[PDB]
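Two versions of one and the same chain are coming, encoded as structure tokens; call them structure 1 and structure 2.
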Structure 1
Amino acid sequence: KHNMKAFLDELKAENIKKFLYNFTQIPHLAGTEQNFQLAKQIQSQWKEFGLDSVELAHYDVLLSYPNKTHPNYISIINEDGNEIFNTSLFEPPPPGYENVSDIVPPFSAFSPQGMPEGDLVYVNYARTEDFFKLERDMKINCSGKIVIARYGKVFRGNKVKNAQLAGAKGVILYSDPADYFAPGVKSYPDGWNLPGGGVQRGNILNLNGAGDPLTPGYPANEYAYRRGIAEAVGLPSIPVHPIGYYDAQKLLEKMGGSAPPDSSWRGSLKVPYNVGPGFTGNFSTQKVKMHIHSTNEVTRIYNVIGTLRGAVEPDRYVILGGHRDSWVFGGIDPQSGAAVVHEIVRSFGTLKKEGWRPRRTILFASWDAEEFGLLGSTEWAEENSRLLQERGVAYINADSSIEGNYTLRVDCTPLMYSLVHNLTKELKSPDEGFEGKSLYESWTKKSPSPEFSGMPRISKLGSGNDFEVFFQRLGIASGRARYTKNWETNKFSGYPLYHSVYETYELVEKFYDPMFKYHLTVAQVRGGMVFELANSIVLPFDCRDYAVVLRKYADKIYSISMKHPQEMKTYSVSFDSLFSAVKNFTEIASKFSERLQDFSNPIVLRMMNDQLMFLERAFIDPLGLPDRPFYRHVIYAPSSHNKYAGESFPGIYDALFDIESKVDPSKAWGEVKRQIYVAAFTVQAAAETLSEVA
């Protein structure tokens, strides 16, 4: 029998281990020759594995690299202009790798060049609320200052945006032990903690879903017209550089000026965490100087696109995609994900060689340049947007399988909730103490839903990974699942060795997943979801789950607005239309579900499958959200304060955010009402896609 169980049983932990080892011996930085050779290897193996067609799709996109002969670093400079302390030029390499070539030194991708010199201001996590606290409560002015910020809590691109708007002339990012050093665990190579010389690489763009900065809207193909750099999307205007906590301590220890406002501003280093500006008395004439010489360069990138043609509905696509480029070795990010994709392809291929085909087409993708701003997935989706629009059933992401090893972490559209619950009830938990129990049981126990007893938490999709173009721009039902450390305490900061040279195969094999059983569990969740989406006669989406969350989100946005009852009275701000739309959606969805349960007729089936497939699509507004034309989903968007976090009714949320500070309340409240109208209309329009069609 070829069924989901034959598919799942063919997946092997030992294969995933072998592939991870294979993918992590050398760096695979986007745009480099070694990542192109890995692309060719994956292409060859996916063909061997039995896919019908496997092609490279290449694009020429803006990337960023340090200058090999003019290294980036930061100094403390004295009165005379002598540089009395310099930050490191590279991370000390881990045991046995001290001779590996082509390890990119730590840098912030897309930083402009510059050598600014000035006084430091410490801005905590550089969040919106941290700048509010500084400027409004403490009366500290960041204008013309170098800001130093600890990594964590929010996407680092948002930190840089916030610093820029505060008037900073440069940004220094660092990893604080409070966020990247778990109590009682040893530093790499003897445990999974970040050493004092470890540094987190990463891009600091604010693309808002644009993809390659030079070609928003259109694929960066051979004949593409490119914007000039000055009109590029999302580039920071001030130099930025990341450092580790040994170097951070040298920069922070001299800081003077104002005390930190409270303990949420203090990390774990033995320093006061003074906000500044500048250093204490004796050192008041010393300054901090950055030296950034990185260059932005249009560079070729390669996606691998594998097709397994559907037997019955070849014009319906279920996509399993995850990236292949890494900052250095990519032991976790992304190769722990890519090795899982590889074993999934191998398994689907085994069935195919025995004569099976999925009902719908499955596309498999190895995306390039994810780390430089989701460039590979976004360019390919721009190239193929018409096919994806009209044929795209679902997208399942596949980055890092093991953020941690504590429990499952799922984020997806409501349309996939039932599917995820059902599937995880049929999978075995890999967790210690849950042997012979289901994955659903261990997951629900460790990550309970805040609103329902006996259900697990499932979070919202924002961005920070390759599902973004499919879900936020194109409105294709999307999901992701991975093992994680602890949703409660660390959602957005990364595991300690994130984007560092220390994130290696040995890190994984020794400290995360020696038996590869967590990797296997994640392969079964991702592979099983793809299997059901591609093979179930009726698409495995439950529109009623959308109705339930729409109500929750409406209650939520209404409660936010209700912090301002006088203004709601003055400007006649009513949420009645939105509640009415949500009520209608609930009623129509329930009737559609009855019909779906109550119909031999393939046209009715496919008509109904089309209504299911286009339901996510109905939440797209072709005008996009305000000043974010590539975020088109009206129910969800990446948070404007933290690209990693999903926000619900984003148009209304952003219109209400900090509204008491707006100088023209009439205008501001007018925009809140406009967004309520857009949201009510889009919800009712989506509901009406589920009505009888004629």
Structure 2
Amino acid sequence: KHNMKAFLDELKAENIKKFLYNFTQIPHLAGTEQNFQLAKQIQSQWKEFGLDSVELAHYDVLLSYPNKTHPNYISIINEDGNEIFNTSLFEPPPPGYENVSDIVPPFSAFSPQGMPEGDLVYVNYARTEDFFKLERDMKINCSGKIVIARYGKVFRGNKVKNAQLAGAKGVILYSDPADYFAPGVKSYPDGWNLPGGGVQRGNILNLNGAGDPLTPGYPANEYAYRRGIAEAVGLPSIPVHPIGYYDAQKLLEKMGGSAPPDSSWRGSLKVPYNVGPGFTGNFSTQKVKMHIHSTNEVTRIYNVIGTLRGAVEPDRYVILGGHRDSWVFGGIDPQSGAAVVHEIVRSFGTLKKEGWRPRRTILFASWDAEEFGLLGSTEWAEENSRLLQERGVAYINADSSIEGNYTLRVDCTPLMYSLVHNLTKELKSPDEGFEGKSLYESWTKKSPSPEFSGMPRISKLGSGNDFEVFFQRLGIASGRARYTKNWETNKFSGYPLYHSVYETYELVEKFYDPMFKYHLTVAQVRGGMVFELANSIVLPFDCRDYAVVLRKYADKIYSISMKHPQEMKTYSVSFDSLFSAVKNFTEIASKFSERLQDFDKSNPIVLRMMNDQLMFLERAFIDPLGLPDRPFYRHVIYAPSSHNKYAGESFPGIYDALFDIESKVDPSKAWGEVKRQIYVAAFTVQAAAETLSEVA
């Protein structure tokens, strides 16, 4: 038969291995010829594999690149203005790639140009609370200083925004061995750790979901009217540059001024981690000078869009999307994901050649320019927003398939919790010691739920990947899954070789997944979810799981507010409306669930009515007015944290109104806005419940 088991059995580890090798021999930087050539290869092959149509969708968006003939670097300069120390111009290339052309040197994408000179201040991870410590407790003023910050904890764009608002005139980012060097394992090429010359690339924008900085709201097509650079969304106003720990040691070792305030400010280098400002006595007349000459350029990008038309509901879309563009070779990020997508397409295509079709339409996407701000997915969605919002069932992301080899990681909407539990119970664990056991058993054992005994951890969606426009802007049910590490040792960072030249095919084949078994398990999870979403007669969403988390989030936000009991009395701040809405959602969802299991389906109009009620339930959490000063974050339950784009925040409107409230000048106005956000949230929860009531 043509069922889920036929789909799943056709997936092969050895195919995934061949595709990864094929996608990782040369760099595929967005906007380059190399990456256009790969786009055309993927298009031709998805056609060979059996899809009904495969098209390129192109856009002209703002990208950023270093100047080839005028390199970026940082100096220590003496009182005469002699440059006595210079940071490196390139990462030493890995064995056998030392002749590869067009490796982009490390840089911070979208940095403005400049040569600022000044005294250094060390700001730990440049988090909101690091700046609070420095400015409020230690009384150190960053205004007109160059700040040096270690990578980790939070998205680098948030670090830059925080430094800018503190008055810094430049930012230097570095990788500390405390965060990117796991104890007892060797540096690349002999193990999976970051060497002292390794550097993490990455953009430093604050887009808040806008997409292309020049065309917020509308696709960057051939006739688009653009903003001028001065009005572009999300660009930083001070120069930024990333370095490795060999270079960082030479900038940190002379630091004077105040001592670090406690041991959470000390990394693992042989230096005091003094905060500054400036260098100790003998070197106190030396300065740090940045030299940044990168340029922003409007450049063409290419998405590949494949269609497998549905047999019964061709106007209902289940999307499997992930990016293709890489910083250099992309051995983990993104090609470990893209190779998985390619094998999934191949398997659906083999079923299609034997006469099978899914019930609903499946769209497959190879996105461009993800590394420069989620640009290709967001422009495409801006173009197709009306089709997506009335027809979009679900979005499954497909970036890196591995970031470790310990256990599964899932982040998703509560609407897919029961789908994920059911599927993982039918899959085999790849783990050593669990042969013959289910993936559910191994995952639950290694990553237990903090709430419920005998269940696994499933996280909220944050951002920093291509699901953002689908989930937080448009309200399409979304999820993602990969293999991950045990979060001991380097607990505040991704894998050590992230966005470095050392992320290669050999990294993966030698040190992460030599049998390609973790890749195969991830293909079965991502693929299996898509199969169910596109083929189950009733959509596989359980509204009751949203009711349970809504109560948890309401308890959490109430507890935050209750740190201020005297203000809640004075300004009559009540959460009663929100708890009432959550109770109502719980009751209405339960009755909906009963009708769903019973009506059953001799009647296709009743079925589609309840499938439409299921599809539009995520959609009901969208406020067309957006969140304050963030118009493209429209989901009222979930937004990316204002302090860290990678992390999700629940009831973000209320959370941000409460944050640091004890420091606001006008408390009556601040508490007024807390109350306004309570009203908005309660109304939206009740309105979402009401979509599940009987329709007439």
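Note that the rigid core is defined as the largest set of C-alphas that superpose within 1.5 Å between two forms. Residues are numbered by position in structure 1's sequence, first residue being 1.
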property	result
Single mover in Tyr558, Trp487, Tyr505, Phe181, with Cα shift of 2 Å or more between the two structures when the core is superposed	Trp487
Between the two structures, how far the Cα of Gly462 shifts once the core is aligned, in Å	1.5
Per-residue Cα shift, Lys352, between the two structures [Å; core superposed]	0.4
